[PDB]
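Have a look at start.cif; it's mmCIF, N, CA, C and O atoms:
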```cif
data_query
loop_
_atom_site.label_atom_id
_atom_site.label_comp_id
_atom_site.auth_asym_id
_atom_site.auth_seq_id
_atom_site.Cartn_x
_atom_site.Cartn_y
_atom_site.Cartn_z
N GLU A 1 -3.50 3.33 16.84
CA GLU A 1 -3.54 2.24 15.88
C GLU A 1 -4.96 1.79 15.58
O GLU A 1 -5.33 1.59 14.42
N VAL A 2 -5.76 1.61 16.63
CA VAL A 2 -7.05 0.96 16.48
C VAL A 2 -7.96 1.77 15.56
O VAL A 2 -8.58 1.23 14.64
N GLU A 3 -8.03 3.09 15.78
CA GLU A 3 -8.86 3.92 14.90
C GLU A 3 -8.32 3.95 13.48
O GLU A 3 -9.09 3.94 12.52
N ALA A 4 -6.99 3.98 13.32
CA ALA A 4 -6.40 3.80 12.00
C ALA A 4 -6.95 2.54 11.34
O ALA A 4 -7.37 2.56 10.18
N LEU A 5 -6.97 1.43 12.09
CA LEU A 5 -7.49 0.18 11.53
C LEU A 5 -8.97 0.29 11.21
O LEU A 5 -9.42 -0.12 10.14
N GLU A 6 -9.76 0.86 12.14
CA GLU A 6 -11.20 0.96 11.93
C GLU A 6 -11.52 1.72 10.65
O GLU A 6 -12.44 1.35 9.91
N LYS A 7 -10.78 2.79 10.37
CA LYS A 7 -10.99 3.54 9.13
C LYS A 7 -10.69 2.67 7.92
O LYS A 7 -11.51 2.56 7.00
N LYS A 8 -9.51 2.04 7.90
CA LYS A 8 -9.14 1.17 6.79
C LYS A 8 -10.16 0.07 6.60
O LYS A 8 -10.54 -0.26 5.47
N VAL A 9 -10.60 -0.55 7.70
CA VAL A 9 -11.55 -1.64 7.58
C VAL A 9 -12.86 -1.16 6.97
O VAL A 9 -13.39 -1.78 6.04
N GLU A 10 -13.40 -0.04 7.47
CA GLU A 10 -14.65 0.47 6.90
C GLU A 10 -14.47 0.80 5.43
O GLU A 10 -15.37 0.56 4.62
N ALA A 11 -13.30 1.33 5.08
CA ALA A 11 -13.01 1.63 3.69
C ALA A 11 -12.95 0.36 2.84
O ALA A 11 -13.39 0.37 1.68
N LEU A 12 -12.40 -0.73 3.38
CA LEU A 12 -12.38 -1.99 2.64
C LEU A 12 -13.78 -2.53 2.46
O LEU A 12 -14.10 -3.10 1.42
N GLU A 13 -14.64 -2.34 3.47
CA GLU A 13 -15.98 -2.90 3.42
C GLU A 13 -16.76 -2.26 2.29
O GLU A 13 -17.45 -2.96 1.56
N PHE A 14 -16.63 -0.94 2.16
CA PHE A 14 -17.22 -0.23 1.07
C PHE A 14 -16.66 -0.78 -0.22
O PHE A 14 -17.54 -0.90 -1.23
N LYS A 15 -15.35 -0.88 -0.33
CA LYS A 15 -14.77 -1.25 -1.60
C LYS A 15 -15.20 -2.66 -1.99
O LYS A 15 -15.43 -2.95 -3.17
N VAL A 16 -15.33 -3.52 -0.99
CA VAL A 16 -15.64 -4.91 -1.25
C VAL A 16 -17.11 -5.05 -1.66
O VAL A 16 -17.44 -5.83 -2.55
N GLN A 17 -17.99 -4.27 -1.04
CA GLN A 17 -19.38 -4.26 -1.47
C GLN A 17 -19.50 -3.73 -2.90
O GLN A 17 -20.27 -4.26 -3.70
N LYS A 18 -18.72 -2.72 -3.26
CA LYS A 18 -18.69 -2.29 -4.65
C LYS A 18 -18.23 -3.42 -5.57
O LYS A 18 -18.81 -3.62 -6.65
N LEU A 19 -17.20 -4.17 -5.18
CA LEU A 19 -16.70 -5.23 -6.04
C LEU A 19 -17.71 -6.36 -6.16
O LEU A 19 -17.88 -6.94 -7.24
N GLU A 20 -18.41 -6.68 -5.06
CA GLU A 20 -19.42 -7.73 -5.13
C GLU A 20 -20.51 -7.39 -6.13
O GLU A 20 -20.90 -8.23 -6.94
N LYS A 21 -21.00 -6.14 -6.10
CA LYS A 21 -22.06 -5.72 -7.01
C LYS A 21 -21.60 -5.76 -8.46
O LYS A 21 -22.34 -6.22 -9.35
N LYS A 22 -20.38 -5.30 -8.74
CA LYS A 22 -19.89 -5.35 -10.11
C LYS A 22 -19.71 -6.78 -10.60
O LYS A 22 -20.11 -7.12 -11.72
N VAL A 23 -19.13 -7.65 -9.76
CA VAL A 23 -18.86 -9.02 -10.18
C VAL A 23 -20.16 -9.79 -10.33
O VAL A 23 -20.30 -10.63 -11.23
N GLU A 24 -21.15 -9.50 -9.47
CA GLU A 24 -22.45 -10.13 -9.63
C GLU A 24 -23.08 -9.74 -10.96
O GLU A 24 -23.71 -10.58 -11.61
N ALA A 25 -22.91 -8.49 -11.38
CA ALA A 25 -23.41 -8.09 -12.69
C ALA A 25 -22.70 -8.85 -13.81
O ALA A 25 -23.34 -9.32 -14.75
N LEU A 26 -21.37 -8.97 -13.72
CA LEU A 26 -20.64 -9.66 -14.77
C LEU A 26 -21.03 -11.14 -14.83
O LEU A 26 -21.25 -11.69 -15.92
N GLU A 27 -21.17 -11.79 -13.67
CA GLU A 27 -21.57 -13.20 -13.64
C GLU A 27 -23.00 -13.41 -14.13
O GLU A 27 -23.31 -14.45 -14.73
N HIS A 28 -23.90 -12.46 -13.88
CA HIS A 28 -25.29 -12.62 -14.25
C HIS A 28 -25.59 -12.03 -15.62
O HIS A 28 -26.73 -12.15 -16.09
N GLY A 29 -24.61 -11.39 -16.24
CA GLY A 29 -24.84 -10.63 -17.46
C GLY A 29 -25.87 -9.53 -17.32
O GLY A 29 -26.58 -9.23 -18.29
N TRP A 30 -25.98 -8.90 -16.15
CA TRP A 30 -26.92 -7.80 -16.00
C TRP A 30 -26.55 -6.63 -16.91
O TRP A 30 -25.37 -6.33 -17.13
N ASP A 31 -27.58 -5.98 -17.46
CA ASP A 31 -27.44 -4.76 -18.26
C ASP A 31 -26.49 -4.90 -19.45
O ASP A 31 -26.75 -5.65 -20.39
N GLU B 1 -2.70 -8.95 19.21
CA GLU B 1 -3.84 -8.93 18.31
C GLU B 1 -3.74 -7.83 17.27
O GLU B 1 -4.00 -8.06 16.09
N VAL B 2 -3.38 -6.63 17.72
CA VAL B 2 -3.47 -5.46 16.85
C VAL B 2 -2.56 -5.61 15.64
O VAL B 2 -2.98 -5.38 14.50
N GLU B 3 -1.31 -6.03 15.86
CA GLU B 3 -0.41 -6.22 14.72
C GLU B 3 -0.88 -7.36 13.82
O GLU B 3 -0.76 -7.27 12.59
N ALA B 4 -1.40 -8.44 14.41
CA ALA B 4 -2.06 -9.46 13.61
C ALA B 4 -3.10 -8.84 12.68
O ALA B 4 -3.14 -9.12 11.48
N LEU B 5 -3.94 -7.95 13.23
CA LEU B 5 -4.96 -7.30 12.41
C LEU B 5 -4.33 -6.41 11.35
O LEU B 5 -4.73 -6.44 10.19
N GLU B 6 -3.33 -5.61 11.74
CA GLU B 6 -2.71 -4.69 10.79
C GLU B 6 -2.14 -5.44 9.58
O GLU B 6 -2.25 -4.97 8.45
N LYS B 7 -1.53 -6.60 9.81
CA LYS B 7 -1.02 -7.40 8.70
C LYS B 7 -2.16 -7.85 7.80
O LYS B 7 -2.10 -7.67 6.57
N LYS B 8 -3.19 -8.46 8.38
CA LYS B 8 -4.34 -8.91 7.60
C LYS B 8 -4.95 -7.76 6.82
O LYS B 8 -5.31 -7.92 5.65
N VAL B 9 -5.11 -6.61 7.47
CA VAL B 9 -5.74 -5.49 6.80
C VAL B 9 -4.91 -5.03 5.61
O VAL B 9 -5.43 -4.84 4.51
N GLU B 10 -3.59 -4.88 5.80
CA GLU B 10 -2.75 -4.46 4.68
C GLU B 10 -2.81 -5.48 3.56
O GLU B 10 -2.82 -5.13 2.38
N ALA B 11 -2.87 -6.76 3.92
CA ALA B 11 -2.99 -7.82 2.93
C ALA B 11 -4.31 -7.73 2.17
O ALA B 11 -4.36 -8.00 0.97
N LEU B 12 -5.40 -7.38 2.87
CA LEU B 12 -6.68 -7.22 2.18
C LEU B 12 -6.64 -6.03 1.24
O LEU B 12 -7.23 -6.07 0.16
N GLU B 13 -5.94 -4.97 1.64
CA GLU B 13 -5.91 -3.76 0.84
C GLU B 13 -5.25 -4.04 -0.49
O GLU B 13 -5.73 -3.58 -1.52
N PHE B 14 -4.14 -4.77 -0.45
CA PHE B 14 -3.48 -5.21 -1.64
C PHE B 14 -4.44 -6.03 -2.46
O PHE B 14 -4.40 -5.84 -3.79
N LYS B 15 -5.08 -7.01 -1.85
CA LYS B 15 -5.89 -7.92 -2.63
C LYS B 15 -7.06 -7.18 -3.27
O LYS B 15 -7.46 -7.48 -4.40
N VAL B 16 -7.58 -6.20 -2.54
CA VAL B 16 -8.76 -5.48 -3.02
C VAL B 16 -8.38 -4.54 -4.16
O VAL B 16 -9.12 -4.40 -5.14
N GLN B 17 -7.20 -3.92 -4.07
CA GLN B 17 -6.72 -3.12 -5.18
C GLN B 17 -6.48 -3.98 -6.42
O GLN B 17 -6.80 -3.58 -7.53
N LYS B 18 -5.95 -5.19 -6.23
CA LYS B 18 -5.85 -6.10 -7.36
C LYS B 18 -7.22 -6.41 -7.96
O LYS B 18 -7.38 -6.44 -9.19
N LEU B 19 -8.23 -6.65 -7.11
CA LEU B 19 -9.55 -6.99 -7.63
C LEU B 19 -10.18 -5.80 -8.34
O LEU B 19 -10.84 -5.96 -9.37
N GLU B 20 -9.97 -4.58 -7.81
CA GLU B 20 -10.53 -3.41 -8.47
C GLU B 20 -9.98 -3.26 -9.88
O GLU B 20 -10.73 -3.00 -10.83
N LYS B 21 -8.66 -3.43 -10.05
CA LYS B 21 -8.04 -3.29 -11.36
C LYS B 21 -8.53 -4.35 -12.34
O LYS B 21 -8.83 -4.04 -13.51
N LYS B 22 -8.66 -5.59 -11.88
CA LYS B 22 -9.17 -6.63 -12.77
C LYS B 22 -10.63 -6.38 -13.17
O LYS B 22 -10.99 -6.50 -14.35
N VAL B 23 -11.47 -6.01 -12.21
CA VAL B 23 -12.88 -5.82 -12.49
C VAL B 23 -13.08 -4.59 -13.36
O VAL B 23 -13.96 -4.57 -14.24
N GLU B 24 -12.26 -3.55 -13.16
CA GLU B 24 -12.34 -2.38 -14.03
C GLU B 24 -12.00 -2.76 -15.46
O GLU B 24 -12.63 -2.26 -16.40
N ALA B 25 -11.03 -3.65 -15.65
CA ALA B 25 -10.73 -4.12 -17.00
C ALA B 25 -11.90 -4.88 -17.60
O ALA B 25 -12.26 -4.67 -18.77
N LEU B 26 -12.53 -5.76 -16.81
CA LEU B 26 -13.65 -6.53 -17.35
C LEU B 26 -14.82 -5.62 -17.69
O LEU B 26 -15.44 -5.78 -18.75
N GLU B 27 -15.13 -4.64 -16.83
CA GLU B 27 -16.22 -3.71 -17.10
C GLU B 27 -15.94 -2.81 -18.30
O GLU B 27 -16.87 -2.43 -19.03
N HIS B 28 -14.68 -2.43 -18.51
CA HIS B 28 -14.34 -1.52 -19.59
C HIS B 28 -13.95 -2.25 -20.87
O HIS B 28 -13.70 -1.60 -21.88
N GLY B 29 -13.90 -3.58 -20.82
CA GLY B 29 -13.36 -4.36 -21.92
C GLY B 29 -11.93 -4.01 -22.30
O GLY B 29 -11.58 -4.11 -23.48
N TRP B 30 -11.10 -3.61 -21.34
CA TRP B 30 -9.71 -3.32 -21.66
C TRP B 30 -8.99 -4.58 -22.16
O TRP B 30 -9.23 -5.69 -21.69
N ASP B 31 -8.10 -4.38 -23.13
CA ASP B 31 -7.21 -5.42 -23.66
C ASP B 31 -7.95 -6.67 -24.15
O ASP B 31 -8.70 -6.62 -25.13
N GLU C 1 -13.56 -2.94 20.92
CA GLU C 1 -13.26 -2.55 19.55
C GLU C 1 -12.52 -3.64 18.79
O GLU C 1 -12.85 -3.95 17.65
N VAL C 2 -11.50 -4.21 19.43
CA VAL C 2 -10.58 -5.10 18.72
C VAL C 2 -11.32 -6.32 18.19
O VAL C 2 -11.16 -6.69 17.02
N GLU C 3 -12.15 -6.95 19.02
CA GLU C 3 -12.90 -8.11 18.54
C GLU C 3 -13.91 -7.72 17.47
O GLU C 3 -14.11 -8.47 16.51
N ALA C 4 -14.55 -6.55 17.61
CA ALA C 4 -15.36 -6.02 16.53
C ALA C 4 -14.57 -5.99 15.23
O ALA C 4 -15.04 -6.45 14.18
N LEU C 5 -13.33 -5.49 15.28
CA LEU C 5 -12.50 -5.43 14.09
C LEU C 5 -12.16 -6.83 13.59
O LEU C 5 -12.26 -7.11 12.39
N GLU C 6 -11.77 -7.72 14.50
CA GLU C 6 -11.38 -9.07 14.09
C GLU C 6 -12.51 -9.77 13.34
O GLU C 6 -12.26 -10.47 12.35
N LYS C 7 -13.75 -9.60 13.79
CA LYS C 7 -14.88 -10.19 13.09
C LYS C 7 -15.02 -9.60 11.69
O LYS C 7 -15.11 -10.34 10.70
N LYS C 8 -15.03 -8.27 11.59
CA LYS C 8 -15.13 -7.62 10.28
C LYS C 8 -14.01 -8.06 9.37
O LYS C 8 -14.23 -8.32 8.18
N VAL C 9 -12.79 -8.12 9.89
CA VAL C 9 -11.66 -8.49 9.05
C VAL C 9 -11.82 -9.91 8.53
O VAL C 9 -11.65 -10.17 7.33
N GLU C 10 -12.16 -10.86 9.41
CA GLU C 10 -12.35 -12.24 8.95
C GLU C 10 -13.46 -12.31 7.91
O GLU C 10 -13.36 -13.05 6.93
N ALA C 11 -14.51 -11.52 8.11
CA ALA C 11 -15.60 -11.47 7.15
C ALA C 11 -15.14 -10.91 5.81
O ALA C 11 -15.60 -11.37 4.76
N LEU C 12 -14.25 -9.90 5.82
CA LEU C 12 -13.74 -9.37 4.56
C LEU C 12 -12.87 -10.40 3.87
O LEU C 12 -12.88 -10.50 2.64
N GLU C 13 -12.12 -11.19 4.64
CA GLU C 13 -11.21 -12.15 4.06
C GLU C 13 -11.97 -13.19 3.28
O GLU C 13 -11.57 -13.55 2.18
N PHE C 14 -13.07 -13.67 3.87
CA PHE C 14 -13.95 -14.57 3.20
C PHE C 14 -14.47 -13.91 1.94
O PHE C 14 -14.57 -14.70 0.87
N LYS C 15 -14.97 -12.69 2.05
CA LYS C 15 -15.62 -12.09 0.91
C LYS C 15 -14.61 -11.87 -0.21
O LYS C 15 -14.94 -12.02 -1.39
N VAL C 16 -13.38 -11.55 0.17
CA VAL C 16 -12.36 -11.23 -0.82
C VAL C 16 -11.89 -12.51 -1.52
O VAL C 16 -11.66 -12.51 -2.73
N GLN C 17 -11.79 -13.61 -0.78
CA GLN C 17 -11.47 -14.88 -1.40
C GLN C 17 -12.59 -15.30 -2.36
O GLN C 17 -12.31 -15.81 -3.45
N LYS C 18 -13.84 -15.07 -1.99
CA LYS C 18 -14.92 -15.31 -2.94
C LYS C 18 -14.77 -14.46 -4.20
O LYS C 18 -14.97 -14.95 -5.32
N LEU C 19 -14.41 -13.18 -4.04
CA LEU C 19 -14.29 -12.32 -5.21
C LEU C 19 -13.11 -12.73 -6.07
O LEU C 19 -13.20 -12.70 -7.31
N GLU C 20 -12.00 -13.16 -5.45
CA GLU C 20 -10.85 -13.60 -6.24
C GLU C 20 -11.21 -14.79 -7.12
O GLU C 20 -10.87 -14.81 -8.30
N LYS C 21 -11.93 -15.77 -6.55
CA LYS C 21 -12.31 -16.96 -7.32
C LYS C 21 -13.25 -16.62 -8.47
O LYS C 21 -13.08 -17.13 -9.59
N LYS C 22 -14.22 -15.74 -8.22
CA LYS C 22 -15.12 -15.36 -9.31
C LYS C 22 -14.39 -14.59 -10.41
O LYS C 22 -14.59 -14.87 -11.60
N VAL C 23 -13.53 -13.64 -10.03
CA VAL C 23 -12.85 -12.82 -11.02
C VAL C 23 -11.84 -13.66 -11.79
O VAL C 23 -11.64 -13.46 -13.00
N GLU C 24 -11.20 -14.62 -11.12
CA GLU C 24 -10.29 -15.52 -11.82
C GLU C 24 -11.05 -16.33 -12.86
O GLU C 24 -10.53 -16.56 -13.96
N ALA C 25 -12.27 -16.75 -12.55
CA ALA C 25 -13.07 -17.45 -13.55
C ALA C 25 -13.40 -16.55 -14.73
O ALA C 25 -13.30 -16.97 -15.89
N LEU C 26 -13.79 -15.30 -14.46
CA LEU C 26 -14.14 -14.40 -15.55
C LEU C 26 -12.92 -14.10 -16.43
O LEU C 26 -13.02 -14.12 -17.66
N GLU C 27 -11.75 -13.88 -15.81
CA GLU C 27 -10.53 -13.61 -16.58
C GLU C 27 -10.07 -14.83 -17.38
O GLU C 27 -9.50 -14.68 -18.47
N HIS C 28 -10.28 -16.03 -16.86
CA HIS C 28 -9.81 -17.23 -17.52
C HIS C 28 -10.86 -17.84 -18.43
O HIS C 28 -10.58 -18.84 -19.10
N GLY C 29 -12.07 -17.28 -18.44
CA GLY C 29 -13.20 -17.89 -19.11
C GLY C 29 -13.53 -19.29 -18.65
O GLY C 29 -13.98 -20.11 -19.45
N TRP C 30 -13.32 -19.60 -17.36
CA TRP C 30 -13.68 -20.92 -16.86
C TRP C 30 -15.18 -21.15 -16.97
O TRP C 30 -15.99 -20.24 -16.77
N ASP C 31 -15.55 -22.39 -17.30
CA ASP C 31 -16.94 -22.86 -17.32
C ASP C 31 -17.86 -22.01 -18.21
O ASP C 31 -17.71 -21.97 -19.43
#
```

When written as structure tokens, how does the structure in this file appear?
Amino acid sequence: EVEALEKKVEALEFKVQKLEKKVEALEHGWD
Amino acid sequence: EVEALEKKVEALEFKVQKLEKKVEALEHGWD
Amino acid sequence: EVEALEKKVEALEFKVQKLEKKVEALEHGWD
């Protein structure tokens, strides 16, 4: 179970960092 | 603890997939 | 491992709630 969770969590961290960068661009009107 | 985590993680996965779809719409100007 | 995960998960929950609020503003044209 634990390694299953660790994989999912690392995958969410990536996805969430991607979402933060996109949303920061939309809020700041970048590019 | 572990099942507590598994629930939270599955809940984040749902929420993150919802955020990806919304942000993809905003970036693409869908609809 | 488990506490390492619990910290990361709580950190994602915060980050995801922040992203939900920002994206809801962008979708609703708030402010």

key: Two-atom distance - CA of residue 9 in chain A, CA of residue 9 in chain B (Å)   = 7.0 Å

For chain B, report every residue with an atom at most 8 Å from chain C (counting all atoms listed in the file), formatted as a PDB file with N, CA, C and O atoms, in the coordinates of the input.
```
ATOM      1  N   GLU B   1      -2.700  -8.950  19.210  1.00  0.00           N
ATOM      2  CA  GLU B   1      -3.840  -8.930  18.310  1.00  0.00           C
ATOM      3  C   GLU B   1      -3.740  -7.830  17.270  1.00  0.00           C
ATOM      4  O   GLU B   1      -4.000  -8.060  16.090  1.00  0.00           O
ATOM      5  N   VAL B   2      -3.380  -6.630  17.720  1.00  0.00           N
ATOM      6  CA  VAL B   2      -3.470  -5.460  16.850  1.00  0.00           C
ATOM      7  C   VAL B   2      -2.560  -5.610  15.640  1.00  0.00           C
ATOM      8  O   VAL B   2      -2.980  -5.380  14.500  1.00  0.00           O
ATOM      9  N   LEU B   5      -3.940  -7.950  13.230  1.00  0.00           N
ATOM     10  CA  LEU B   5      -4.960  -7.300  12.410  1.00  0.00           C
ATOM     11  C   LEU B   5      -4.330  -6.410  11.350  1.00  0.00           C
ATOM     12  O   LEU B   5      -4.730  -6.440  10.190  1.00  0.00           O
ATOM     13  N   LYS B   8      -3.190  -8.460   8.380  1.00  0.00           N
ATOM     14  CA  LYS B   8      -4.340  -8.910   7.600  1.00  0.00           C
ATOM     15  C   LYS B   8      -4.950  -7.760   6.820  1.00  0.00           C
ATOM     16  O   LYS B   8      -5.310  -7.920   5.650  1.00  0.00           O
ATOM     17  N   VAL B   9      -5.110  -6.610   7.470  1.00  0.00           N
ATOM     18  CA  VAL B   9      -5.740  -5.490   6.800  1.00  0.00           C
ATOM     19  C   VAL B   9      -4.910  -5.030   5.610  1.00  0.00           C
ATOM     20  O   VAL B   9      -5.430  -4.840   4.510  1.00  0.00           O
ATOM     21  N   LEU B  12      -5.400  -7.380   2.870  1.00  0.00           N
ATOM     22  CA  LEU B  12      -6.680  -7.220   2.180  1.00  0.00           C
ATOM     23  C   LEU B  12      -6.640  -6.030   1.240  1.00  0.00           C
ATOM     24  O   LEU B  12      -7.230  -6.070   0.160  1.00  0.00           O
ATOM     25  N   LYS B  15      -5.080  -7.010  -1.850  1.00  0.00           N
ATOM     26  CA  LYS B  15      -5.890  -7.920  -2.630  1.00  0.00           C
ATOM     27  C   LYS B  15      -7.060  -7.180  -3.270  1.00  0.00           C
ATOM     28  O   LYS B  15      -7.460  -7.480  -4.400  1.00  0.00           O
ATOM     29  N   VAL B  16      -7.580  -6.200  -2.540  1.00  0.00           N
ATOM     30  CA  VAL B  16      -8.760  -5.480  -3.020  1.00  0.00           C
ATOM     31  C   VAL B  16      -8.380  -4.540  -4.160  1.00  0.00           C
ATOM     32  O   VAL B  16      -9.120  -4.400  -5.140  1.00  0.00           O
ATOM     33  N   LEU B  19      -8.230  -6.650  -7.110  1.00  0.00           N
ATOM     34  CA  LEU B  19      -9.550  -6.990  -7.630  1.00  0.00           C
ATOM     35  C   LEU B  19     -10.180  -5.800  -8.340  1.00  0.00           C
ATOM     36  O   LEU B  19     -10.840  -5.960  -9.370  1.00  0.00           O
ATOM     37  N   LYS B  22      -8.660  -5.590 -11.880  1.00  0.00           N
ATOM     38  CA  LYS B  22      -9.170  -6.630 -12.770  1.00  0.00           C
ATOM     39  C   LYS B  22     -10.630  -6.380 -13.170  1.00  0.00           C
ATOM     40  O   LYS B  22     -10.990  -6.500 -14.350  1.00  0.00           O
ATOM     41  N   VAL B  23     -11.470  -6.010 -12.210  1.00  0.00           N
ATOM     42  CA  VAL B  23     -12.880  -5.820 -12.490  1.00  0.00           C
ATOM     43  C   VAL B  23     -13.080  -4.590 -13.360  1.00  0.00           C
ATOM     44  O   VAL B  23     -13.960  -4.570 -14.240  1.00  0.00           O
ATOM     45  N   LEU B  26     -12.530  -5.760 -16.810  1.00  0.00           N
ATOM     46  CA  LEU B  26     -13.650  -6.530 -17.350  1.00  0.00           C
ATOM     47  C   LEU B  26     -14.820  -5.620 -17.690  1.00  0.00           C
ATOM     48  O   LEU B  26     -15.440  -5.780 -18.750  1.00  0.00           O
TER      49      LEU B  26
END
```

Centre and edges of the range 3-17 of chain B box, axis-aligned, 5 Å extra per side, as JSON:
```
{"center_x": -4.8, "center_y": -6.3, "center_z": 4.2, "size_x": 18.7, "size_y": 16.3, "size_z": 33.4}
```

query = In Å, how far is it from CA of residue 7 in chain A to CA of residue 4 in chain C?
reply = 12.9 Å

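The gap separating atom N of residue 31 in chain B from atom N of residue 25 in chain A is 19.3 Å, in Å to one decimal.
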